[PDB]
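Shown next as structure tokens: one chain only, the form deposited in one PDB entry.
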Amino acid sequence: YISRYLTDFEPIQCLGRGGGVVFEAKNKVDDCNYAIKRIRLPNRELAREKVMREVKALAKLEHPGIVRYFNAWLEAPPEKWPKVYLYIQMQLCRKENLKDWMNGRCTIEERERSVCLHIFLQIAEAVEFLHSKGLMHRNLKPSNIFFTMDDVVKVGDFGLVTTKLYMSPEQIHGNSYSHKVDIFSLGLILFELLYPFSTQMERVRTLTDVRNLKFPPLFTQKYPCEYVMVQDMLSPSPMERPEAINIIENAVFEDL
């Protein structure tokens, strides 16, 4: 038995904690560094065949807000001590993610209104695209939103499933039946972009409050239009929240 991953790539480090795993690996033939994700597949035939049906439909996706796909492949290695792993090879993004970007700019000066909305609009446009193809991200949060080396915003890892601060409440109690879950996540992200934080304590407290529609008074005054958008997006009743498309069309972006 030969391992495809081990022959063709020389591993660099880990990028993603798994509960699967995400490595940085140089491809030997093309000398480029990729984000490789090793999933352990289920034992069940009909669980596996549902994952595979997914990679099939995600492979087809092309959008500027979706990380660039390269390859997907299976390995069934011998028992170290019937396990089959799925590898996906993705464009390696900039190591500074949206959390890191935000953590480095803790003054309203550094959070240039126009830059923030631009960043957000990309995240929103990506989510529209996914929804238009009857797909939901279900994993939007600043730690899983990236920039390319070309400095383009990408919605991060999603799909292929076997911190809860950005999940909608219905996502946290029952299965996340609705695709509106993504609209909720967007609500928080838009706010957090426009309103920097000094401490971790302050951030947890303030977001936890905004979830319950208890907005800082300086925010409500400083950004009146955004405040109504973020109120809509955070509607406790999913059916009340706007569609992805409705947010893009909002006049706040019109001329930028």
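Think of the rigid core as the biggest set of C-alphas that the two forms share within 1.5 Å after superposition. We number the residues from 1 along the sequence you see.
Below, we turn to the form deposited in another entry, even though it does not appear here.
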| item | value |
| --- | --- |
| Core fit, then residue 175 C-alpha moves 2 Å or more between the shown form and the other one | yes |
| Large Cα shift (2 Å or above) at residue 218 between the shown form and the other one, core-fitted | no |
| Core superposition between the shown form and the other one, C-alpha change of residue 45 at least 2 Å | yes |
| Pairwise C-alpha change, residue 176 versus residue 117, in that other deposited form against this form - closer or farther, 3 angstroms or more | farther |
